[PDB]
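I have placed the structure first, in the form of structure tokens, so that the comments after it can refer back to it.
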Amino acid sequence: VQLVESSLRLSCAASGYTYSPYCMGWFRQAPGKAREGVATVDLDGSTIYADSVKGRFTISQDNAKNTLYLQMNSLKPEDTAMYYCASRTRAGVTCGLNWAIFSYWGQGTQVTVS
Amino acid sequence: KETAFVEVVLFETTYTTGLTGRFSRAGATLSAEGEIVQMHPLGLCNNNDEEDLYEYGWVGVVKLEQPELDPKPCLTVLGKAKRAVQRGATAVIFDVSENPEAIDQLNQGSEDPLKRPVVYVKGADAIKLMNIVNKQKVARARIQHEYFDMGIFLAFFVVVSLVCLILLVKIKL
Amino acid sequence: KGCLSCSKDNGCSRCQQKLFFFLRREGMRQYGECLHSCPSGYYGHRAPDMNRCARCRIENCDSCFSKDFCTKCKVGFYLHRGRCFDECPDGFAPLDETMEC
Amino acid sequence: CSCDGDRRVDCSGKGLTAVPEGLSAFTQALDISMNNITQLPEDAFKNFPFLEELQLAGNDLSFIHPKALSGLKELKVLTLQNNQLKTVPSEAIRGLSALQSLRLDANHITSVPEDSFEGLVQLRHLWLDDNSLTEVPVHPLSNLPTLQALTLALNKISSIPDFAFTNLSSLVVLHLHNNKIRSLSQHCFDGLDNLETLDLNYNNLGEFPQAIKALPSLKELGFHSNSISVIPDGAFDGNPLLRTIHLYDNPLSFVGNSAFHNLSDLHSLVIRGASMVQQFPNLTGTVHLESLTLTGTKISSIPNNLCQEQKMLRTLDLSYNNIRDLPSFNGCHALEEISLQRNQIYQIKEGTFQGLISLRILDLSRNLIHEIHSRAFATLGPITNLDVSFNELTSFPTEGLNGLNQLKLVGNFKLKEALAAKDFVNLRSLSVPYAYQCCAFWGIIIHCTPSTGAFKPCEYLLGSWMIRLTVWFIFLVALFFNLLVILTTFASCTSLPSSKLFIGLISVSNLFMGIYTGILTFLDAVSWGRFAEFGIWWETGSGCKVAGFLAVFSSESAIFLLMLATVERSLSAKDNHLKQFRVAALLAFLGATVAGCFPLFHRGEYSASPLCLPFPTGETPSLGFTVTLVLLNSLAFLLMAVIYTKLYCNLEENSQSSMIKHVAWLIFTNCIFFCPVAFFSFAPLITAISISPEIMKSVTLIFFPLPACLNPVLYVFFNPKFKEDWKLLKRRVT
Numbered sequence: 021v022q023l024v025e026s442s443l444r445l446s447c448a449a450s451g452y453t454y455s456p457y458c459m460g461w462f463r464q465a466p467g468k469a470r471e472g473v474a475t476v477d478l479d480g481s482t483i484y485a486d487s488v489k490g491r492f493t494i495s496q497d498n499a500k501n502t503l504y505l506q507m508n509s510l511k512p513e514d515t516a517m518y519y520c521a522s523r524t525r526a527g528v529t530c531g532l533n534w535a536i537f538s539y540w541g542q543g544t545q546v547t548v549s
Numbered sequence: 056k057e058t059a060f061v062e063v064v065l066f067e075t076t077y078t079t080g081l082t083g084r085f086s087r088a089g090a091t092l093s094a095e096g097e098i099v100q101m102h103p104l105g106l107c108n109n110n111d112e113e114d115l116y117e118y119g120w121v122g123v124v125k126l127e128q129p130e131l132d133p134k135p136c137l138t139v140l141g142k143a144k145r146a147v148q149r150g151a152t153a154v155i156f157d158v159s160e161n162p163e164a165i166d167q168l169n170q171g172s173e174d175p176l177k178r179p180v181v182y183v184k185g186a187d188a189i190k191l192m193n194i195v196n197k198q199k200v201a202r203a204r205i206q207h215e216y217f218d219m220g221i222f223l224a225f226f227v228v229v230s231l232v233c234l235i236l237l238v239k240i241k242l
Numbered sequence: 041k042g043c044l045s046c047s048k049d050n051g052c053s054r055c056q057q058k059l060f061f062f063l064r065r066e067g068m069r070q071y072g073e074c075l076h077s078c079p080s081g082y083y084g085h086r087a088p089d090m091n092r093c094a095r096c097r098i099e100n101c102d103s104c105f106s107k108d109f110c111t112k113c114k115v116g117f118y119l120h121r122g123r124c125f126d127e128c129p130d131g132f133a134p135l136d137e138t139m140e141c
Numbered sequence: 033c034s035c036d037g038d039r040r041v042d043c044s045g046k047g048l049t050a051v052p053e054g055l056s057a058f059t060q061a062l063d064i065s066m067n068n069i070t071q072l073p074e075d076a077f078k079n080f081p082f083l084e085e086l087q088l089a090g091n092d093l094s095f096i097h098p099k100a101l102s103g104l105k106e107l108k109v110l111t112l113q114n115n116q117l118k119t120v121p122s123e124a125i126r127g128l129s130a131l132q133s134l135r136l137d138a139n140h141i142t143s144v145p146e147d148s149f150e151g152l153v154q155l156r157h158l159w160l161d162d163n164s165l166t167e168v169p170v171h172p173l174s175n176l177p178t179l180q181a182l183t184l185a186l187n188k189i190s191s192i193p194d195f196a197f198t199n200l201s202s203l204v205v206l207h208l209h210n211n212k213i214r215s216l217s218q219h220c221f222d223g224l225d226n227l228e229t230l231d232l233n234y235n236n237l238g239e240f241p242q243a244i245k246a247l248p249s250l251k252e253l254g255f256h257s258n259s260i261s262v263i264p265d266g267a268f269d270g271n272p273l274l275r276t277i278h279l280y281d282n283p284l285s286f287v288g289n290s291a292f293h294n295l296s297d298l299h300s301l302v303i304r305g306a307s308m309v310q311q312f313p314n315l316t317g318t319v320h321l322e323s324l325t326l327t328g329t330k331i332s333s334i335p336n337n338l339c340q341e342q343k344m345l346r347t348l349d350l351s352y353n354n355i356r357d358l359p360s361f362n363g364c365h366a367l368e369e370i371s372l373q374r375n376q377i378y379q380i381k382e383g384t385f386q387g388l389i390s391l392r393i394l395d396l397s398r399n400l401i402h403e404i405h406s407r408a409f410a411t412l413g414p415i416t417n418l419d420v421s422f423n424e425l426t427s428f429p430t431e432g433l434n435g436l437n438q439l440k441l442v443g444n445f446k447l448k449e450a451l452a453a454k455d456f457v458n459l460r461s462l463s464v465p466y467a468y469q470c471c472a473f474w475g518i519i520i521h522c523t524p525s526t527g528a529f530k531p532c533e534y535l536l537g538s539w540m541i542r543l544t545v546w547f548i549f550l551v552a553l554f555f556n557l558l559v560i561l562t563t564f565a566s567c568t569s570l571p572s573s574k575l576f577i578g579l580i581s582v583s584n585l586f587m588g589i590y591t592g593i594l595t596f597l598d599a600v601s602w603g604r605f606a607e608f609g610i611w612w613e614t615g616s617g618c619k620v621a622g623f624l625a626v627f628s629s630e631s632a633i634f635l636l637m638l639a640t641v642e643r644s645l646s647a648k649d657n658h659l660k661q662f663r664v665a666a667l668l669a670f671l672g673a674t675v676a677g678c679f680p681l682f683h684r685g686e687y688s689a690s691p692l693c694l695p696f697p698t699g700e701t702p703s704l705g706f707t708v709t710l711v712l713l714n715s716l717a718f719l720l721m722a723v724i725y726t727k728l729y730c731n732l733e739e740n741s742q743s744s745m746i747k748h749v750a751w752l753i754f755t756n757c758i759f760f761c762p763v764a765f766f767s768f769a770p771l772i773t774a775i776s777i778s779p780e781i782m783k784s785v786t787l788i789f790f791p792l793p794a795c796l797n798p799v800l801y802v803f804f805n806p807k808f809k810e811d812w813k814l815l816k817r818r819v820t
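Chains as they are written, first to last, in the entry's author numbering: chain E, 21 to 26, 442 to 549; chain C, 56 to 67, 75 to 207, 215 to 242; chain G, 41 to 141; chain A, 33 to 475, 518 to 649, 657 to 733, 739 to 820.
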């Protein structure tokens, strides 16, 4: 169930979960601060974005290759952080930008403005 | 409002060190003696539901804080004094150095009599009292509380004698 | 230290926005300090003006949730609901390896 | 860290930012509280499989990995109270099947996921007080049927829906005080059996909730700091076990006649400000009350059965009502303090306090009690405090009050008799309407509110023999020499120049001052050593009024006639005005008369001291009158001084020189004697400097009537006009 992660395009791969990709999302963290959600996708395709994210970013979950894509556009200088992808196979909670509801986390990549 | 010589006693042998403090018209004026314990200003007010009682005979030493430090006091200076006396404080020593308004608060409270004497101390005496109470662990405190009508009478009668003497010396001529 | 004034003789009076004020008395001096949680035998009462550290009023209680509910009781008693009892009420074992009903 | 032998480590305050390494795997209590840890990685506690108490309070914690707390199947206490978690770590706390206490106090939690608290099958204490929660987590709380303590105190909760705590069957304590709760549905507290404490103190409640009826086991109820105005009947029908009910600081108007009824275990009832209530509460079944207080109300009567039941009643406070009659307090053997101040009670019967042992404190101030029976307090047991201040009393009984330690009677101005000190042997404090009634107690040592002092003499009016002889000599000299001057001046009744008229009129005013001094001397002589028995009568009767009128009239008339004489001397120096000066003298006498009579129409003027002088003794009362008189006299003296200075400067009058120097001497002596009187009158109103009332009394008694005896002797001894007038009188008689 291990979850790996890698104008930028972030790609997250879920090579361990058996099926039913439910409530996947992306989180960013500043050093020593909380992990704030940026884009969350429900299994029905509904997407929730952050206030400082909507329009600039985009989230796309493809079950053919079983990957998750975060498209980032117009990276302002305050956009540098560490980015993780989170997943939640189980159900029973309303999807959102809360780090507490996700069950699996990726390694994370350092995104610096360039 | 009488000036009182308050003496602190260290016993291990008795060693006495004196200072000066002014009585308060809100409280009485009498010789009050007993133990000495510091009482925090925030400790003494009714907003705390439960309290721990102490043996009757202790003497409270309350160091007031800056008036703007607590813009929402749970009680007043007289409220703290009455709570201390209820807890068993035979005497109360309010260091009014940090709160100059305590003097006028006590003066306004002078209309209501208090069971036990109130002494306020400010200055070097207050500083030395605080140093003693900080350094020592056990100590005690002790507080202690006609002649006319002859000069005016003699002046009046020598004036009468002067007038009579002037009259007599004038009638001599 | 988590305080605001910390006078040398009168002790620290005001605390942080989330800390508890506790009055330690020893010898002849009573001074205030700020703690994240109350010590043993005390419970923290949170108020908007200031958080106080009050004393448990439930008898035979070591650590308490509030003034009438005990979390961990004394060595020689068992806690039924929030009170310490020496003769446990019928329906439950006295010890159960943890001194509770 | 500070590793310990009993397998309880203490890493608090070391500043580390991770789970410490190199620690034994057998530990059962790890404290990493104060050090700043900002996250918990996966398997952060793989080396502590035997933990039973984990404290993480005070870190800057912001993220907990879902598997961070995995493998802690023996964890029983978890503290995260003061971290920066913005949510309930629903995934992190999963799998903690042995958790019993969970702290989430000061975290800024704003959202509770619907799957929170799942798998916590042993949880018994939950802390959620100081977060920012807008709703009660109904579904997350439904997963905790074993929960026993819960707090949601400092959150921003505004309302509670129905069936919010249905599955909380074992809950015992619920705290909701400092939320802004304003809406409680009728079924919000349903399924809350075993609940004993409910806290709703600092919410914005508008009406009394009806959801309490589903709390059969409730024992303590707190709703004090809400905005609740009406408590209906049957408010506590479903709570028969209530012991404590906090309701103070609610703006209350009505409470209902049977709100408190069949509350067997209730021990204290305190209601204040319930203005719209006019009937005494029906308390049948509430028989274990120890303190009863109904302060602000319109209750007019007390039921005779108040003591037949309420056998354990200790403190009764019925102060600010309007109660006309007192019932028979037969019974109430445990009653200790009764407070009935500020009511409207007109009498106290013999059997009003019949029996009533153990009554220590009794308060009856601010009532209308014009009559107390002689044996009203006879049957009382050990009584310490008695307060009948401001009650319109004419007599006070003494039987049964020997054991008093404090008595207060300050406002009974019609109570003029003297209390015998042989009755109040144990008395230690006292307040009396007049300062002469505390004479019999003097200074165990009793403290009396109105001080005897020097201006309320206890034994001798004038004081020492020195002052007595001085005043006697002044009186005799003034009387005899004023009579001599008047007779010599008005014997001829043929030629009356303005100076002669002014001298004669000043002599008349001095004679009246001497009459006042003689009044004082004779009163002092007759009340020799017993002025306590005379002080009240003298100060309240017409004698003090007459004496004060005489004194003020004499002084003011002397001042005005002296000013007129100075003006006349100036006019004669500059250059047919005898009629004008006669009219001016009549006007001056009339002004002195009206100034003297003004205190009679005023109140509290001539009763300030047995000297009956308004201004010298009194400083706070009649401040305007004192200031006006002092300033008027000072202005008159200044005018005299400037007129004399101008006359001396411009003038170089053999016959006129004698009168000029006589008037100069008169103004000099009068001003010199007046200035200390004004100084001593203004002295006691300034707190910076203190002047002894004994010296004030002596200096006033000596200097106030001094001019009245100095002027006639000056005129007799040092005036050739008087010498020739005396020769004329000799010729007339012979």
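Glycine included, each C-beta is placed from N, C-alpha and C at the ideal position.
Should residue i be labelled buried (16 or more other beta-carbon atoms within 10 Å of its own) or exposed?
| i | result |
| --- | --- |
| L710(A) | buried |
| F132(G) | exposed |
| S371(A) | buried |
| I415(A) | buried |
| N740(A) | exposed |
| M192(C) | buried |
When you compare the CB of residue i with every CB in chain G, is at least one pair closer than 7 Å?
| i | result |
| --- | --- |
| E62(C) | no |
Of all Cβ atoms in chain A, is any one closer than 7 Å to the Cβ of residue i?
| i | result |
| --- | --- |
| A449(E) | no |
| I483(E) | no |
| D218(C) | yes |
| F66(C) | no |
| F222(C) | yes |
| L236(C) | yes |
Using 8 Å for Cβ pairs, my map puts residue i next to residue j. What's the rounded Cβ distance?
| i | j | result |
| --- | --- | --- |
| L250(A) | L274(A) | 6 Å |
| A689(A) | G677(A) | Contact doesn't hold; Cβ gap of about 15 Å is too wide. |
| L203(A) | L186(A) | Not really, about 19 Å apart at Cβ, beyond 8 Å. |
| residue 497(A) | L224(A) | The gap in chain A between 475 and 518 takes in residue 497(A), so it carries no coordinates here. |
Answer with yes or no whether the minimum CB distance from residue i to chain C is below 7 Å.
| i | result |
| --- | --- |
| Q70(G) | yes |
Is the segment 159–167 of chain A in contact with the segment 179–199 of chain A, if contact means three or more CB pairs nearer than 8 Å?
With the cut-off at 8 Å, the segment 159–167 of chain A and the segment 179–199 of chain A touch.
Using a Cβ-Cβ cut-off of less than 8 Å, give me the residues of the segment 129–142 of chain C that come near chain G, in sequence order.
For the segment 129–142 of chain C, the beta-carbon criterion of a distance under 8 Å to any beta-carbon of chain G is satisfied by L131, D132 and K134.
Taking contact to mean 3 or more Cβ pairs, one atom from each stretch, closer than 8 Å, check whether the segment 145–155 of chain C and the segment 175–185 of chain C are in contact.
These segments touch.
At a CB distance below 7 Å, what residues from the segment 682–707 of chain A approach chain C? Give them in sequence order.
Listed in sequence order: no entries.
Are at least three pairs of beta-carbons, each pair with one atom in the segment 540–548 of chain E and one in the segment 124–133 of chain A, less than 8 Å apart?
In short, these stretches do not touch, since the Cβ pair count stays below three.
Inter-stretch contact at 8 Å, needing at least 3 Cβ pairs: the segment 575–584 of chain A / the segment 766–782 of chain A
These segments do not touch.
Quick test of the definition: if touching needs 3 or more C-beta pairs under 8 Å, does the segment 145–156 of chain A touch the segment 80–97 of chain A?
No: fewer than three Cβ pairs fall under 8 Å.
For the segment 99–114 of chain G, enumerate the residues whose C-beta is nearer than 8 Å to any C-beta of chain A, in chain order.
Taking 8 Å as the Cβ-Cβ cut-off against chain A, the residues of the segment 99–114 of chain G that qualify are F105, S106, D108, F109 and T111.
Residues of the segment 173–197 of chain C with Cβ closer than 8 Å to any Cβ of chain A, in chain order
Look at the segment 173–197 of chain C: the residues with a C-beta under 8 Å from a C-beta of chain A are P175.
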